[PDB]
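Here is the structure we will look at, set down as structure tokens.
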Amino acid sequence: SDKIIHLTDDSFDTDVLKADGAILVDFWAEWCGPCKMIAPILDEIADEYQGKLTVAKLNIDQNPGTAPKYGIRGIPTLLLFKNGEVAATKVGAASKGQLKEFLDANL
Ligand SMILES: [Cu+2]
Ligand SMILES: [Cu+2]
């Protein structure tokens, strides 16, 4: 968790929308087992990709306003923002290797 940005509905418009560079946003909730499984993978990705990527998390139960802005249907959903715009999307479970493939194709 040392490299994960904790987002809220109150901070999203600053920390994501006013940021240049790439930010991987994980939309999650505590009831979601696959979300909890990807959590340690995100710590590893945040470290390996530091300096070309920031990793952030938004809990959709605590912060219900953001996900509908992007039409999110279910979780996990990962949105890769580049300079305030969604540039890539991945839904559902992902292994480390699958997440690295997704990031490498988009960074
Ligand atoms: Cu950490
Ligand atoms: Cu490292």
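Ordering of the structure tokens sets the chain letters (A, B, ...); residue numbers start at 1 within each chain; ligands are numbered from 1 in the order shown.
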Pull the closest atom pair for each residue of chain A that gets at most 10 Å from ligand 1, along with the distance in Å to one decimal, counting only C-alpha atoms and all ligand atoms, ordering rows by chain and then ascending residue number, as CSV.
residue,atom,partner,partner_atom_place_in_ligand_line,distance
A:1,CA,ligand 1,1 (Cu),2.9
A:2,CA,ligand 1,1 (Cu),3.0
A:3,CA,ligand 1,1 (Cu),5.0
A:4,CA,ligand 1,1 (Cu),6.5
A:5,CA,ligand 1,1 (Cu),9.9
A:40,CA,ligand 1,1 (Cu),8.7
A:42,CA,ligand 1,1 (Cu),9.1
A:43,CA,ligand 1,1 (Cu),5.6
A:44,CA,ligand 1,1 (Cu),8.3
A:46,CA,ligand 1,1 (Cu),8.3
A:47,CA,ligand 1,1 (Cu),8.3
Residues within 9 Å of stretch 65-82 of chain A, only C-alpha atoms, excluding chain neighbours under 5 positions, as JSON, numbers by chain = {"A": [8, 9, 12, 16, 17, 19, 20, 21, 22, 23, 24, 25, 26, 27, 28, 29, 32, 34, 35, 38, 58, 60, 87, 88, 89, 90, 91, 92, 93, 103, 106]}
Same residues, C-alpha atoms, saved as a compact mmCIF listing (two decimals), in the first residue's frame:
# COMPACT_ATOMS: atom_id res chain seq x y z
CA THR A 8 -12.37 9.43 -3.05
CA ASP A 9 -15.28 11.01 -4.88
CA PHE A 12 -10.98 12.17 -8.07
CA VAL A 16 -6.96 11.84 -11.67
CA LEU A 17 -8.51 14.45 -13.92
CA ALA A 19 -2.93 14.72 -13.56
CA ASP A 20 -0.73 14.24 -16.59
CA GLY A 21 0.83 10.85 -17.01
CA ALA A 22 -0.75 7.44 -16.73
CA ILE A 23 -2.87 6.36 -13.76
CA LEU A 24 -4.31 2.87 -13.36
CA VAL A 25 -7.51 3.15 -11.30
CA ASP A 26 -8.86 0.04 -9.60
CA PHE A 27 -12.60 0.23 -8.86
CA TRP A 28 -13.27 -2.20 -6.02
CA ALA A 29 -15.27 -3.05 -2.93
CA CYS A 32 -15.46 -8.51 -4.16
CA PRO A 34 -11.35 -11.03 -7.12
CA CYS A 35 -10.72 -7.38 -6.21
CA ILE A 38 -5.60 -8.36 -7.31
CA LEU A 58 -11.48 3.83 -5.54
CA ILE A 60 -17.23 2.16 -5.00
CA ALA A 87 -7.19 5.32 -22.64
CA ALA A 88 -7.68 1.62 -21.83
CA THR A 89 -10.11 -0.56 -19.89
CA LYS A 90 -9.88 -4.06 -18.37
CA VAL A 91 -12.79 -5.77 -16.64
CA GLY A 92 -12.70 -8.88 -14.50
CA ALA A 93 -9.97 -10.85 -12.80
CA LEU A 103 -0.01 -2.21 -19.32
CA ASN A 106 -0.78 0.72 -23.48
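Ranking A:56, A:39, A:7, A:45 by their shortest atom-to-atom distance to ligand 2, with only C-alpha atoms and all ligand atoms included, puts A:45 first.
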Counting only C-alpha atoms and all ligand atoms, name the residues that have an atom within 8 Å of an atom of ligand 2; the answer should be given as a list in words.
-> residues 47, 48, 49 and 50 of chain A
Residue selection dump (C-alpha atoms) as an mmCIF file, in the first residue's frame:
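Here's the written file part26.cif:
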data_model
loop_
_atom_site.group_PDB
_atom_site.id
_atom_site.type_symbol
_atom_site.label_atom_id
_atom_site.label_comp_id
_atom_site.auth_asym_id
_atom_site.auth_seq_id
_atom_site.Cartn_x
_atom_site.Cartn_y
_atom_site.Cartn_z
ATOM 1 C CA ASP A 47 6.551 -0.654 -7.828
ATOM 2 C CA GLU A 48 7.674 -2.246 -11.117
ATOM 3 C CA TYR A 49 6.063 0.515 -13.212
ATOM 4 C CA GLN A 50 6.859 3.428 -10.929
#
Find, counting only C-alpha atoms, the residue in A:54, A:107, A:37, A:62 that gets nearest to residue A:94.
->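 With only C-alpha atoms as the atom set, the closest residue is A:37.
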Can you work out the spacing between atom CA of residue A:11 and atom CA of residue A:95 in Å, to one decimal?
-> 28.4 Å
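For the pair atom CA of residue A:41 and atom CA of residue A:96, the interatomic distance is 5.9 Å.
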DSSP says alpha helix (DSSP H) for which residues of chain A? Put them as a ChimeraX atom specification?
-> /A:12-15,33-48,96-106
Keeping only N, CA and C atoms, write those residues as a PDB file, in the first residue's frame.
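Writing done, so here's result_36.pdb:
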ATOM      1  N   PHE A  12     -11.173  12.719  -6.739  1.00  0.00           N
ATOM      2  CA  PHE A  12     -10.977  12.170  -8.072  1.00  0.00           C
ATOM      3  C   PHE A  12     -10.736  13.245  -9.134  1.00  0.00           C
ATOM      4  N   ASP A  13     -11.497  14.331  -9.092  1.00  0.00           N
ATOM      5  CA  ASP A  13     -11.384  15.359 -10.116  1.00  0.00           C
ATOM      6  C   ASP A  13     -10.062  16.088 -10.054  1.00  0.00           C
ATOM      7  N   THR A  14      -9.363  16.043  -8.935  1.00  0.00           N
ATOM      8  CA  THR A  14      -8.014  16.592  -8.851  1.00  0.00           C
ATOM      9  C   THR A  14      -6.980  15.522  -9.181  1.00  0.00           C
ATOM     10  N   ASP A  15      -6.955  14.459  -8.382  1.00  0.00           N
ATOM     11  CA  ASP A  15      -5.852  13.509  -8.423  1.00  0.00           C
ATOM     12  C   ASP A  15      -5.807  12.724  -9.719  1.00  0.00           C
ATOM     13  N   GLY A  33     -14.255 -10.601  -3.962  1.00  0.00           N
ATOM     14  CA  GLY A  33     -13.107 -11.458  -3.762  1.00  0.00           C
ATOM     15  C   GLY A  33     -12.024 -11.258  -4.802  1.00  0.00           C
ATOM     16  N   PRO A  34     -12.388 -11.267  -6.086  1.00  0.00           N
ATOM     17  CA  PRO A  34     -11.352 -11.029  -7.117  1.00  0.00           C
ATOM     18  C   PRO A  34     -10.651  -9.684  -6.988  1.00  0.00           C
ATOM     19  N   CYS A  35     -11.355  -8.660  -6.508  1.00  0.00           N
ATOM     20  CA  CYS A  35     -10.718  -7.380  -6.214  1.00  0.00           C
ATOM     21  C   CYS A  35      -9.656  -7.537  -5.131  1.00  0.00           C
ATOM     22  N   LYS A  36      -9.973  -8.271  -4.076  1.00  0.00           N
ATOM     23  CA  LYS A  36      -8.995  -8.440  -3.010  1.00  0.00           C
ATOM     24  C   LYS A  36      -7.811  -9.269  -3.479  1.00  0.00           C
ATOM     25  N   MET A  37      -8.041 -10.206  -4.402  1.00  0.00           N
ATOM     26  CA  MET A  37      -6.942 -11.003  -4.938  1.00  0.00           C
ATOM     27  C   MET A  37      -5.983 -10.162  -5.764  1.00  0.00           C
ATOM     28  N   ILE A  38      -6.494  -9.175  -6.497  1.00  0.00           N
ATOM     29  CA  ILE A  38      -5.601  -8.356  -7.307  1.00  0.00           C
ATOM     30  C   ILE A  38      -4.858  -7.328  -6.476  1.00  0.00           C
ATOM     31  N   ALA A  39      -5.287  -7.079  -5.243  1.00  0.00           N
ATOM     32  CA  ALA A  39      -4.627  -6.060  -4.428  1.00  0.00           C
ATOM     33  C   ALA A  39      -3.112  -6.237  -4.317  1.00  0.00           C
ATOM     34  N   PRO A  40      -2.571  -7.397  -3.926  1.00  0.00           N
ATOM     35  CA  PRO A  40      -1.102  -7.516  -3.862  1.00  0.00           C
ATOM     36  C   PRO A  40      -0.434  -7.399  -5.221  1.00  0.00           C
ATOM     37  N   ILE A  41      -1.118  -7.831  -6.278  1.00  0.00           N
ATOM     38  CA  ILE A  41      -0.588  -7.677  -7.620  1.00  0.00           C
ATOM     39  C   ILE A  41      -0.423  -6.198  -7.953  1.00  0.00           C
ATOM     40  N   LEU A  42      -1.394  -5.368  -7.547  1.00  0.00           N
ATOM     41  CA  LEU A  42      -1.287  -3.935  -7.766  1.00  0.00           C
ATOM     42  C   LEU A  42      -0.119  -3.317  -7.008  1.00  0.00           C
ATOM     43  N   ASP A  43       0.189  -3.804  -5.788  1.00  0.00           N
ATOM     44  CA  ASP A  43       1.383  -3.315  -5.094  1.00  0.00           C
ATOM     45  C   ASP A  43       2.635  -3.611  -5.911  1.00  0.00           C
ATOM     46  N   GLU A  44       2.716  -4.817  -6.472  1.00  0.00           N
ATOM     47  CA  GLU A  44       3.881  -5.176  -7.266  1.00  0.00           C
ATOM     48  C   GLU A  44       3.962  -4.343  -8.538  1.00  0.00           C
ATOM     49  N   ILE A  45       2.830  -4.153  -9.226  1.00  0.00           N
ATOM     50  CA  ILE A  45       2.801  -3.351 -10.442  1.00  0.00           C
ATOM     51  C   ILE A  45       3.164  -1.909 -10.134  1.00  0.00           C
ATOM     52  N   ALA A  46       2.632  -1.362  -9.036  1.00  0.00           N
ATOM     53  CA  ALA A  46       2.921   0.023  -8.691  1.00  0.00           C
ATOM     54  C   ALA A  46       4.412   0.240  -8.538  1.00  0.00           C
ATOM     55  N   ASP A  47       5.112  -0.753  -7.993  1.00  0.00           N
ATOM     56  CA  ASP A  47       6.551  -0.654  -7.828  1.00  0.00           C
ATOM     57  C   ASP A  47       7.266  -0.851  -9.164  1.00  0.00           C
ATOM     58  N   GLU A  48       6.940  -1.934  -9.893  1.00  0.00           N
ATOM     59  CA  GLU A  48       7.674  -2.246 -11.117  1.00  0.00           C
ATOM     60  C   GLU A  48       7.524  -1.140 -12.158  1.00  0.00           C
ATOM     61  N   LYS A  96      -0.988 -11.337 -12.605  1.00  0.00           N
ATOM     62  CA  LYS A  96       0.103 -10.398 -12.815  1.00  0.00           C
ATOM     63  C   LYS A  96       0.508 -10.363 -14.281  1.00  0.00           C
ATOM     64  N   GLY A  97       0.645 -11.531 -14.905  1.00  0.00           N
ATOM     65  CA  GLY A  97       1.084 -11.554 -16.287  1.00  0.00           C
ATOM     66  C   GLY A  97       0.085 -10.882 -17.208  1.00  0.00           C
ATOM     67  N   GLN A  98      -1.211 -11.103 -16.968  1.00  0.00           N
ATOM     68  CA  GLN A  98      -2.234 -10.465 -17.797  1.00  0.00           C
ATOM     69  C   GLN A  98      -2.247  -8.957 -17.595  1.00  0.00           C
ATOM     70  N   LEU A  99      -2.026  -8.502 -16.370  1.00  0.00           N
ATOM     71  CA  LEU A  99      -1.996  -7.067 -16.129  1.00  0.00           C
ATOM     72  C   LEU A  99      -0.763  -6.437 -16.763  1.00  0.00           C
ATOM     73  N   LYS A 100       0.377  -7.122 -16.699  1.00  0.00           N
ATOM     74  CA  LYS A 100       1.568  -6.606 -17.363  1.00  0.00           C
ATOM     75  C   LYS A 100       1.382  -6.545 -18.872  1.00  0.00           C
ATOM     76  N   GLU A 101       0.716  -7.541 -19.460  1.00  0.00           N
ATOM     77  CA  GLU A 101       0.455  -7.485 -20.897  1.00  0.00           C
ATOM     78  C   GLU A 101      -0.395  -6.274 -21.235  1.00  0.00           C
ATOM     79  N   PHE A 102      -1.447  -6.041 -20.446  1.00  0.00           N
ATOM     80  CA  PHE A 102      -2.329  -4.895 -20.662  1.00  0.00           C
ATOM     81  C   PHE A 102      -1.556  -3.590 -20.548  1.00  0.00           C
ATOM     82  N   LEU A 103      -0.757  -3.448 -19.491  1.00  0.00           N
ATOM     83  CA  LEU A 103      -0.010  -2.213 -19.319  1.00  0.00           C
ATOM     84  C   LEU A 103       1.021  -2.038 -20.420  1.00  0.00           C
ATOM     85  N   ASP A 104       1.757  -3.098 -20.767  1.00  0.00           N
ATOM     86  CA  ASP A 104       2.813  -2.953 -21.767  1.00  0.00           C
ATOM     87  C   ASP A 104       2.232  -2.575 -23.127  1.00  0.00           C
ATOM     88  N   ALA A 105       1.028  -3.050 -23.432  1.00  0.00           N
ATOM     89  CA  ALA A 105       0.395  -2.691 -24.692  1.00  0.00           C
ATOM     90  C   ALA A 105      -0.053  -1.238 -24.721  1.00  0.00           C
ATOM     91  N   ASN A 106      -0.224  -0.617 -23.561  1.00  0.00           N
ATOM     92  CA  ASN A 106      -0.778   0.717 -23.479  1.00  0.00           C
ATOM     93  C   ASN A 106       0.183   1.775 -22.970  1.00  0.00           C
TER      94      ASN A 106
END
Chain A: which residues are strand (DSSP E or B) by DSSP, as a list in words?
->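 DSSP on the backbone gives strand (DSSP E or B) at residues 4, 5, 6, 22, 23, 24, 25, 26, 27, 28, 54, 55, 56, 57, 58, 59, 77, 78, 79, 80, 81, 82, 85, 86, 87, 88, 89, 90 and 91 of chain A.
Closest approach to residue A:83 from the set A:18, A:52, A:57, A:6 is made by A:18, with distances taken over only C-alpha atoms.
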